[PDB]
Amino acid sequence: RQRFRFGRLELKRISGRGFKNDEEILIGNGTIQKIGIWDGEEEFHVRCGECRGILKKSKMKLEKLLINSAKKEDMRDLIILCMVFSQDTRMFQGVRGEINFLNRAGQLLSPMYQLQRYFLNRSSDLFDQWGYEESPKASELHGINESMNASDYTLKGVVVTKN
């Protein structure tokens, strides 16, 4: 279970096993792109900068992300990166602009890394497409909105702890 990266995101497996299959994904800008889609419930310690979290995913779905509160920019990037890494259907649909899967020399680019790069610059569109649900009714857990503020609605599947 060794530490590994997905760009700015760092992960370490807690549980589960994924199996990858290539699928044709309809992305939110109207294009269809072939992307390795993971199947399986998997769970990971995650990190971005000084922000720690726990992520659970299943096929094309962020099941849950529990983050330990931290500087806001690092909370926000951790959230964006977990949305991309979960391969959630809503994340794909959130892409409204152009995305290239070849560079200017005609070289091959990673669809997932390209998504990461796209969304770290377009998080408002992502949060807007992703949506909100009621925050937890427990004292030791709080909701978080698009501004990384504690709120009565939280990004779906995302909760913050101070413990």
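A residue's number is simply how far along the shown sequence it sits, counting from 1.
Between 65-73 and 111-119, the higher mean Cα B-factor belongs to 65-73. In this entry, 22-30 has the higher mean Cα B-factor, the comparison being between 45-53 and 22-30. The entry assigns its greatest Cα B factor, within the set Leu126, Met60, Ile35, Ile99, to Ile99.
Per the PDB record, residue ranking by Cα B-factor puts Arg5 in the lowest third of the chain.
Sorting the modelled residues of the chain by their CA temperature factor places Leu11 in the lowest third.
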